[PDB]
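Summary of the model geometry
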Protein chains: 2
Amino acid sequence: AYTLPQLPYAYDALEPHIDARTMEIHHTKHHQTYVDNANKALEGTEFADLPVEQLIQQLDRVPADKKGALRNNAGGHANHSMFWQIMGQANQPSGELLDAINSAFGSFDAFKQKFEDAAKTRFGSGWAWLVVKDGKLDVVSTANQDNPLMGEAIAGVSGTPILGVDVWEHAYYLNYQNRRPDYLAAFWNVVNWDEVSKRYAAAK
Amino acid sequence: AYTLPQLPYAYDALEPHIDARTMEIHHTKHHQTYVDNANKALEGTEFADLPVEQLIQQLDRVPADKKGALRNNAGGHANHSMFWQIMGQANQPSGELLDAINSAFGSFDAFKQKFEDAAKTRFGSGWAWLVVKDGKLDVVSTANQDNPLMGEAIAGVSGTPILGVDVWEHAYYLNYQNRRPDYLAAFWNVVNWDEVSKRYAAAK
Ligand SMILES: [Mn+2]
Ligand SMILES: [Mn+2]
């Protein structure tokens, strides 16, 4: 019941910041694998009809033998699905999103630093996120394919994510090798703040 | 305290199974970073002089605030140090190690399938290991830089590792990209079974 989404842009649209080969393998190999394995785990359950963002808020009610596979693979599908949409071909937010950033973090610059720190500090595989929690913004990180929508019990953090960065080594190894900070610096050039703004509006 | 060990062979000695560029980055960048961060954590403590494989067996004795840094960083140093030594330039074990493999797994071919399965199913970053536990061989995996020497409470598995394979994406992405199974198949060509036999003798 899940399918791989098409990207909103061509595989080379984000060069030189994110290389075309990475975009192609990340989408057509990594993300495809999560969709396929999530579908396998959903076979013959009552959950095969739920949108993926709703399924991952309900992991405590799936059968115990399928919890891990669904956490990992539905999590992977939800996470990559959002990631493609929040990127696009002095890039900064505006309007009420900028105001909420100023309020929570002091400035856009201070926000970038907190976000990069969270991404750099995540040991092994995972993601860093900007989330809305009780109408306020915060920066959290998760392991592997965990997503703050899963809740504190599972993911260790909570909130509705409106922006995320993938720091699995597959997201940056071909262009940046070990240099995660360089990848994070380039990432700011490709964030679609219009899309993040839309997500913020719908999260409060 | 700790220092980065010299490799027992040139960076290009394992071609074409593992590429020279990866060997260089894996050693001088990734492994160096674990050494540096472990040294920072161990400064001016009674623990700074212990061999690393002894330290990771005693993580319960260290100050509570240093446990996390040492698990990740002394773990990474211990893991990579062993990794370089168990590779060298069809390849299979002999003698009493081969007999032990036959006894525990049925055959060397059956052991390879079990080891590859453990390494394939480790989600995210980690390692797969052949361990000796109560005189018998078994195959286990660990997350991130955990090592079975840390014990079941920390690593979730136990035993003395005699062979391990790194399945962090940095270990294989440049040459294999998403194809972790092709990397594992290549890895059999570079195992130094004489060294593994040595470790088996010491651990039994
Ligand atoms: Mn990814
Ligand atoms: Mn490694």
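Residues numbered from 1 in each chain as written, not as in the entry; some residues may be left out. Chains lettered and ligands numbered in written order. Heavy atoms only, no water.

**Considering the coordination of the manganese ion (ligand 1)**
Donor atoms from the polypeptide that bind the manganese ion (ligand 1) are A:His26 (NE2), A:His80 (NE2), A:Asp166 (OD) and A:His170 (NE2), placed at 2.0 to 2.2 Å. Assessed through its relative accessible area of 0%, A:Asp166 is described here as buried. (Donors = N, O, S within 2.8 Å, 3.2 Å for Na, K, Ca; no water. Buried < 20%, exposed > 50% of the residue type's maximum accessible area, 1.4 Å probe, protein only.)

**Some words on the packing of aromatic side chains**
Across all of its chains, the model carries 33 aromatic pairs over all chains by this definition. Taking the centre distance of 6.2 Å and the plane angle of 75 degrees together, the rings of B:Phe108 and B:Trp188 count as edge-to-face. Of this pair, B:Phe108 sits in helix 5 (residues 108–121) while B:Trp188 sits in the loop between helix 8 (180–187) and helix 9 (193–203), and the two are 80 residues apart along the sequence. Exposure class is identical for B:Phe108 and B:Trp188. Each is buried. Ring centres of B:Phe108 and B:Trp193 lie 5.7 Å apart, and the angle between their planes is 80 degrees; this geometry places the pair in the edge-to-face category. Placement of the pair is B:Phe108 in helix 5 and B:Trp193 in helix 9, with a sequence separation of 85 residues. Just as B:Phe108 is buried, B:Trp193 falls in that class too. Pairwise contacts between aromatic rings join A:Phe83, A:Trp84, A:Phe105, A:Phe108, A:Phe111, A:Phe115, A:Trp127, A:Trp129, A:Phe187, A:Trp188 and A:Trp193 into one cluster. (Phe/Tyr/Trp six-rings, centres within 6.5 Å; stacked < 30°, edge-to-face > 60°. Helix = DSSP H or I, 4+ residues; strand = E, 2+ residues; numbered from the N terminus.)

**What about the sheet that holds strand 2 (residues 136–143) of chain B?**
Residue and element names in this part refer to chain B. Spatially, three strands are ordered 2-1-3 in an open sheet, and the strand pairing comes out antiparallel. Edge positions in the sheet fall to strand 2 and strand 3 (160–166), since each has one partner strand and no second. Neighbour-to-neighbour, the strand axes of this sheet turn through a mean angle of 25 degrees, independent of strand direction. Both strand 1 (residues 126–133) and strand 2 contribute to a ladder of eight bridges, which runs antiparallel. Across the sheet, residue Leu130 finds its bridge partner in strand 2, namely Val139. Strands in contact with helix 3 (residues 67–85) are strand 1 and strand 3; relative to strand 3, the strand with the most contacts, it is inclined by about 85 degrees. (Pairing = 2+ DSSP bridges. Axes fitted to C-alpha atoms, helices over the stretch in contact; angles between N-to-C directions. Contact = heavy atoms within 4.5 Å.)

**Description of the interface of chain A and chain B**
Counting residues at the interface gives 18 residues for chain A, matched by 18 residues for chain B. In terms of surface lost to chain B, no three residues of chain A exceed A:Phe123, A:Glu169 and A:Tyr173, which account for 38% of the buried area on that side. Counting every contact that joins chain A to chain B gives zero salt bridges. Applying the counting criterion to the chain A and chain B interface returns six residue pairs in polar contact. For the side of chain A that touches chain B, the secondary structure elements donating two or more residues are helix 1 (20–42) and helix 7 (173–176) of chain A. (Buried area = accessible area lost by both parts, 1.4 Å probe. Salt bridge = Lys/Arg side-chain N within 4 Å of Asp/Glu carboxyl O. Polar contact = N/O pair within 3.5 Å; in protein donor to acceptor, adjacent residues only side chain to side chain.)

**Some thoughts on helix 1 (residues 20–42) of chain B**
Residues and elements named next belong to chain B. Helix length check: helix 1, at 23 residues, gives a terminal C-alpha distance of 32 Å against a target of 33 Å (1.5 Å per residue), a fit within 8%. Where helix 1 bends most, the angle comes to about 35 degrees, and this point is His26. A positive phi of about 65 degrees marks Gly44, the residue just after helix 1. (Expected span 1.5 Å × (residues − 1). Bend = angle between axes of the 7 residues up to and from the residue.)

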